[PDB]
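S.K.: input_24.txt is reproduced in full below (compact mmCIF, C-alpha atoms and all ligand atoms).
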```
# COMPACT_ATOMS: atom_id res chain seq x y z
CA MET A 277 -13.05 -0.02 16.05
CA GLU A 278 -10.24 0.39 18.55
CA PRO A 279 -6.77 -1.15 18.19
CA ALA A 280 -7.36 -2.65 21.61
CA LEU A 281 -5.45 -5.90 21.21
CA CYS A 282 -6.46 -7.11 24.65
CA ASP A 283 -10.08 -7.07 23.56
CA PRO A 284 -11.95 -8.98 20.84
CA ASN A 285 -13.52 -6.10 18.94
CA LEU A 286 -10.95 -4.77 16.51
CA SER A 287 -11.33 -4.17 12.79
CA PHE A 288 -9.26 -2.98 9.85
CA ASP A 289 -9.80 -1.07 6.62
CA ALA A 290 -6.97 -1.99 4.28
CA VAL A 291 -3.69 -3.88 4.39
CA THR A 292 -0.71 -4.02 2.07
CA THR A 293 2.65 -5.74 1.83
CA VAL A 294 6.15 -4.51 1.05
CA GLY A 295 9.17 -6.71 0.43
CA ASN A 296 8.79 -8.99 3.42
CA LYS A 297 6.84 -6.73 5.74
CA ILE A 298 3.13 -6.34 6.40
CA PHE A 299 1.60 -2.94 7.08
CA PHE A 300 -1.88 -2.43 8.48
CA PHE A 301 -3.93 0.71 7.99
CA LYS A 302 -6.22 2.07 10.69
CA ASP A 303 -8.28 5.07 9.67
CA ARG A 304 -5.45 7.57 9.89
CA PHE A 305 -3.06 5.51 11.99
CA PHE A 306 -1.00 2.58 10.77
CA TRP A 307 0.30 -0.54 12.48
CA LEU A 308 3.69 -2.19 12.23
CA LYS A 309 4.64 -5.66 13.41
CA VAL A 310 6.60 -7.95 11.12
CA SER A 311 10.04 -9.42 10.54
CA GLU A 312 11.42 -8.49 13.94
CA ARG A 313 8.60 -6.94 15.93
CA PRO A 314 7.49 -8.47 19.24
CA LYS A 315 4.93 -5.71 19.66
CA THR A 316 2.97 -3.42 17.37
CA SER A 317 3.02 0.36 17.22
CA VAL A 318 0.15 2.69 16.36
CA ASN A 319 1.55 5.67 14.49
CA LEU A 320 0.07 8.30 12.20
CA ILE A 321 0.27 7.82 8.46
CA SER A 322 0.75 11.42 7.39
CA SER A 323 3.51 11.27 9.98
CA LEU A 324 5.57 9.52 7.32
CA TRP A 325 3.74 9.35 4.02
CA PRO A 326 3.57 13.01 2.98
CA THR A 327 1.58 13.25 -0.22
CA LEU A 328 -0.75 10.54 1.01
CA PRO A 329 -4.43 10.79 1.98
CA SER A 330 -5.98 9.28 5.08
CA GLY A 331 -8.62 6.58 5.34
CA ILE A 332 -7.22 4.29 2.67
CA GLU A 333 -9.93 2.11 1.18
CA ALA A 334 -7.82 -0.65 -0.32
CA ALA A 335 -4.06 -1.09 -0.22
CA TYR A 336 -2.30 -3.47 -2.58
CA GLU A 337 1.28 -3.59 -3.80
CA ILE A 338 2.63 -4.96 -7.06
CA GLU A 339 5.56 -7.33 -6.70
CA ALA A 340 6.91 -6.63 -10.16
CA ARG A 341 8.10 -3.05 -10.54
CA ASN A 342 8.33 -2.47 -6.81
CA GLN A 343 5.42 -0.06 -6.56
CA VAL A 344 2.52 0.70 -4.25
CA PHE A 345 -1.06 1.88 -4.58
CA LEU A 346 -3.26 3.68 -2.07
CA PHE A 347 -6.98 4.01 -2.65
CA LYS A 348 -9.03 6.79 -1.10
CA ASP A 349 -12.42 8.13 -2.11
CA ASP A 350 -12.98 8.60 -5.82
CA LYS A 351 -9.25 9.07 -6.27
CA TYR A 352 -6.05 7.05 -6.08
CA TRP A 353 -2.37 7.82 -5.67
CA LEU A 354 0.58 6.10 -7.31
CA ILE A 355 3.51 5.34 -5.04
CA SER A 356 6.74 5.55 -6.99
CA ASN A 357 10.15 5.00 -5.44
CA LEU A 358 8.64 5.16 -1.97
CA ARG A 359 6.95 8.40 -2.94
CA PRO A 360 3.37 9.11 -4.04
CA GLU A 361 3.40 11.13 -7.24
CA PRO A 362 2.87 14.77 -6.25
CA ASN A 363 -0.23 16.44 -7.63
CA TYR A 364 -1.93 13.25 -8.77
CA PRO A 365 -5.61 13.76 -7.92
CA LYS A 366 -6.52 10.99 -10.33
CA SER A 367 -10.01 9.53 -10.28
CA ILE A 368 -11.06 5.94 -10.89
CA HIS A 369 -13.59 7.43 -13.28
CA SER A 370 -10.52 7.78 -15.46
CA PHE A 371 -11.34 4.19 -16.31
CA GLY A 372 -13.11 2.10 -13.69
CA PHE A 373 -16.15 3.68 -12.09
CA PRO A 374 -18.75 1.31 -13.56
CA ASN A 375 -22.03 2.19 -11.90
CA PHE A 376 -21.44 4.10 -8.69
CA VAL A 377 -18.15 2.92 -7.23
CA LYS A 378 -15.84 5.00 -5.07
CA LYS A 379 -15.24 3.04 -1.89
CA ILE A 380 -13.71 -0.41 -2.18
CA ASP A 381 -13.28 -3.04 0.51
CA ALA A 382 -10.04 -4.64 -0.63
CA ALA A 383 -7.97 -5.38 -3.71
CA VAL A 384 -5.36 -8.03 -4.44
CA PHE A 385 -3.39 -9.16 -7.46
CA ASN A 386 -3.02 -12.78 -8.50
CA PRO A 387 0.42 -13.64 -9.90
CA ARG A 388 -0.85 -16.93 -11.27
CA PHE A 389 -3.56 -15.06 -13.14
CA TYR A 390 -2.30 -11.58 -13.93
CA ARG A 391 -5.60 -10.04 -12.88
CA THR A 392 -6.66 -7.77 -10.04
CA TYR A 393 -10.07 -8.00 -8.42
CA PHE A 394 -11.81 -5.97 -5.73
CA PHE A 395 -14.79 -6.20 -3.41
CA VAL A 396 -17.67 -3.75 -3.34
CA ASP A 397 -19.49 -4.65 -0.14
CA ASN A 398 -20.75 -7.88 -1.67
CA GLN A 399 -19.44 -7.93 -5.22
CA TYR A 400 -16.57 -9.63 -7.01
CA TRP A 401 -15.01 -7.58 -9.78
CA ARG A 402 -11.99 -8.50 -11.88
CA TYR A 403 -9.90 -6.11 -13.93
CA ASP A 404 -7.70 -7.64 -16.60
CA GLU A 405 -4.13 -6.46 -16.13
CA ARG A 406 -2.54 -8.17 -19.11
CA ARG A 407 -5.31 -7.22 -21.50
CA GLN A 408 -5.90 -3.93 -19.73
CA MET A 409 -9.65 -4.18 -20.12
CA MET A 410 -11.94 -4.43 -17.12
CA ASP A 411 -14.84 -6.85 -17.34
CA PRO A 412 -18.39 -5.57 -17.92
CA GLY A 413 -19.38 -5.05 -14.30
CA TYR A 414 -19.14 -8.72 -13.41
CA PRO A 415 -21.46 -8.67 -10.38
CA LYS A 416 -20.07 -11.92 -9.03
CA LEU A 417 -19.95 -13.08 -5.43
CA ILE A 418 -16.87 -13.64 -3.31
CA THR A 419 -18.17 -16.11 -0.76
CA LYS A 420 -19.38 -17.89 -3.87
CA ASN A 421 -16.14 -18.18 -5.79
CA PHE A 422 -14.33 -18.76 -2.52
CA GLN A 423 -16.40 -20.41 0.18
CA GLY A 424 -14.74 -20.05 3.56
CA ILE A 425 -13.81 -16.38 3.74
CA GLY A 426 -17.28 -14.88 3.62
CA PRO A 427 -19.46 -12.54 1.55
CA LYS A 428 -17.75 -9.62 3.24
CA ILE A 429 -14.00 -9.06 3.25
CA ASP A 430 -12.25 -6.25 5.08
CA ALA A 431 -8.59 -6.30 4.11
CA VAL A 432 -6.93 -8.67 1.66
CA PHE A 433 -3.26 -9.06 0.87
CA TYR A 434 -1.02 -11.69 -0.69
CA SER A 435 1.64 -12.39 1.91
CA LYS A 436 3.04 -15.88 1.53
CA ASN A 437 4.47 -18.31 -0.99
CA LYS A 438 1.18 -19.62 -2.31
CA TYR A 439 -1.57 -18.53 0.06
CA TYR A 440 -4.14 -15.80 0.55
CA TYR A 441 -4.50 -13.91 3.80
CA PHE A 442 -8.11 -12.83 4.25
CA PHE A 443 -9.86 -11.21 7.19
CA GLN A 444 -13.21 -9.64 7.99
CA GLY A 445 -14.19 -8.42 11.43
CA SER A 446 -11.82 -9.94 13.97
CA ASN A 447 -10.69 -13.15 12.31
CA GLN A 448 -7.69 -13.78 10.10
CA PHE A 449 -8.62 -16.63 7.79
CA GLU A 450 -6.16 -18.04 5.29
CA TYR A 451 -7.02 -19.76 2.04
CA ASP A 452 -4.94 -22.41 0.32
CA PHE A 453 -5.49 -23.00 -3.38
CA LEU A 454 -3.88 -26.36 -2.72
CA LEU A 455 -7.44 -27.62 -2.38
CA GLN A 456 -9.43 -24.54 -1.44
CA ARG A 457 -9.13 -25.32 2.25
CA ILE A 458 -8.58 -22.99 5.18
CA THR A 459 -6.31 -24.46 7.82
CA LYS A 460 -5.80 -21.26 9.79
CA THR A 461 -8.36 -19.79 12.15
CA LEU A 462 -6.83 -17.02 14.22
CA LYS A 463 -7.66 -13.45 15.16
CA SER A 464 -6.02 -10.14 14.33
CA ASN A 465 -4.63 -10.04 17.86
CA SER A 466 -3.15 -13.52 17.80
CA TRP A 467 0.41 -12.48 17.05
CA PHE A 468 0.68 -9.46 19.31
CA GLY A 469 0.03 -11.68 22.31
CA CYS A 470 -3.57 -11.30 23.39
CA CA B 1 -10.52 -2.48 2.87
```
The structure in this file should be written as structure tokens.
Ligand SMILES: [Ca+2]

M.R.:
Amino acid sequence: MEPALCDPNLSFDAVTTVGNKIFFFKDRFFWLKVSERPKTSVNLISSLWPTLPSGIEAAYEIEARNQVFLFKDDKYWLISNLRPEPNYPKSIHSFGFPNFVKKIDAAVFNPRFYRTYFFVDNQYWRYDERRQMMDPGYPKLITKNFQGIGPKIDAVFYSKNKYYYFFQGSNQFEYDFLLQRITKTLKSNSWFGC
């Protein structure tokens, strides 16, 4: 959809987090509005990120070694030192592609679990990080495990102290493990000022 903030009909693809900032991906253009930003700005990705593809599927950082990961098609890049390894046309197939995966919805990493899961339209996968062995398919359901977000999740990123920012469509729902209760019902254009 369009970034039209003054209009309820916007959607996202992927969203990541860096340090204390939140970056939103939009097809080929990215958004920026955090820390000290009264308004957002729609700029081109390639504009900055050189060796980086467009149309990121799922963006998720790793608050451990200060790295970043950008998913796109049946390939993924590895951001290292604010720089995506050059000539790294890796492919999930390398060790992931279960049945016929290639396009993910979102992906987040749980610090209080040490596991990273993703969404495939309407599937809940979980890849063991510590063990380093992905589960056998694990055709679970999101809305199931977590009732409140929905069976479909657009972007998902862990930006808080102990919460989970989830969104799908034009609503930014937040989950609190405190008691699996969502006490935040806003839209994507609720900060910008529309
Ligand atoms: Ca996504």

S.K.: Taking all atoms listed in the file and a cut-off of 9 Å, can you tell me which residues surround ligand CA 1 (chain B), written as a list in words?

M.R.: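 What falls inside 9 Å of ligand CA 1 (chain B) is residues 288, 289, 290, 291, 301, 332, 333, 334, 335, 379, 380, 381, 382, 383, 395, 429, 430, 431 and 432 of chain A.
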
S.K.: Find the residues near residue 465 in chain A: any atom within 9 Å, counting all atoms listed in the file, skip ones fewer than 4 places away on the same chain, and give them as a VMD selection string.

M.R.: chain A and resid 280 to 284 286 446 to 447 469 to 470

S.K.: Would you please work out which residue, of A:374, A:387, A:360, A:279, is nearest to residue 303 in chain A when using all atoms listed in the file?

M.R.: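 Distance minimum relative to residue 303 in chain A lands on A:279.
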
S.K.: Choose the residue, out of A:363, A:448, A:357, A:293, that has the smallest atom-to-atom separation from residue 338 in chain A; count all atoms listed in the file.

M.R.: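 Of A:363, A:448, A:357, A:293, the one nearest residue 338 in chain A, counting all atoms listed in the file, is A:293.
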
S.K.: Leaving out residue 304 in chain A and any residue of its chain fewer than 3 positions from it, which residues lie within 6 Å of it when counting all atoms listed in the file, given as a PyMOL selection string?

M.R.: chain A and resi 321+330-331

S.K.: Counting all atoms listed in the file, figure out which residue out of A:391, A:324, A:445, A:460 gets nearest to residue 285 in chain A.

M.R.: A:445

S.K.: Here is a test: counting all atoms listed in the file, which residue of A:406, A:356, A:442, A:296 is nearest to residue 461 in chain A?

M.R.: A:442
